[PDB]
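Here you get one chain, nothing else, as structure tokens; it is the form deposited in one PDB entry.
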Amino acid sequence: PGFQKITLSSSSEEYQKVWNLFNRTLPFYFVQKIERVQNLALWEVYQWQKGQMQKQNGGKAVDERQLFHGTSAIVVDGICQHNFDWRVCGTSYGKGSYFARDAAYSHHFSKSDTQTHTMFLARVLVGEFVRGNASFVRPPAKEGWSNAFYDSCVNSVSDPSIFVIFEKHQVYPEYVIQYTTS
């Protein structure tokens, strides 16, 4: 309705860039399809959010990453339209949407009763992160009154592999990847 999914050719740069990231940690699985998600509304919001975060970061570029999110085929179109939402879908670093450095992590949270799975690659404004906590419903504030708040939570500040996002405006669902464990 407000989005399109464009199937990419395996001979394209774009396909192979996405494939490369997946293959970093799931070389033993087989990618069957990659689709580019085009949602102008979600894109406009995301780019605005990025601009606002840059201003609030003393005018410096925002930490922005391409991160994986395990899904199921049935919820793909809902995400493409409305964005990710944590209260639709292990160790908790807060009550937000989880995004992983590694596809292999996302594979663990990708629900299927068959060998065929789906995950997103998403563009994520992680900004300034802090270690999360099961009780967090938003990123905490830094010490001191009306000081800065963080932008995301992580499992580890020194070696972050999981990012928790509490604001949909910080995510753009970029690619849908279908693969098999066969």
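Here the rigid core means the biggest group of C-alpha atoms that line up within 1.5 Å when the two forms are laid on top of each other. Numbers follow the displayed sequence, beginning with 1. Residues that one form lacks are left out of the comparison.
- The modelled chain breaks between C89 and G90, where 1 to 3 residues of the deposited sequence lack coordinates.
- Of the two segments examined, 43-51 and 140-148, it is 140-148 that shows the higher average Cα temperature factor in the deposited entry.
- Relative to one another, 109-117 and 123-131 have unequal mean CA B-factors, and 109-117 is the one with the higher figure.
- Comparing C-alpha B-factors across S9, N23, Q16, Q170 in the deposited entry, the largest value falls on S9.
- In this PDB entry, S97 carries a Cα temperature factor that places it within the lowest third of its chain's modelled residues.
- Sorting the modelled residues of the chain by their CA temperature factor places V75 in the highest third.
- Among the modelled residues of its chain, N155 has a C-alpha B-factor that falls in the middle third according to the deposited record.
Form solved in complex with a small molecule: not shown, discussed below.
- Contact annotation for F68: at least one heavy atom lies within 4.5 Å of the small molecule in the deposited complex.
- After superposition on the rigid core, the Cα of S135 moves by less than 2 Å between the shown form and the other one.
- When the rigid core is held fixed, the Cα atom of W145 travels 2 angstroms or more between the shown form and the other one.
- After superposition on the rigid core, residues whose Cα atoms move by 2 Å or more in runs of at least three fall at 87-89, 143-147 between the shown form and the other one.
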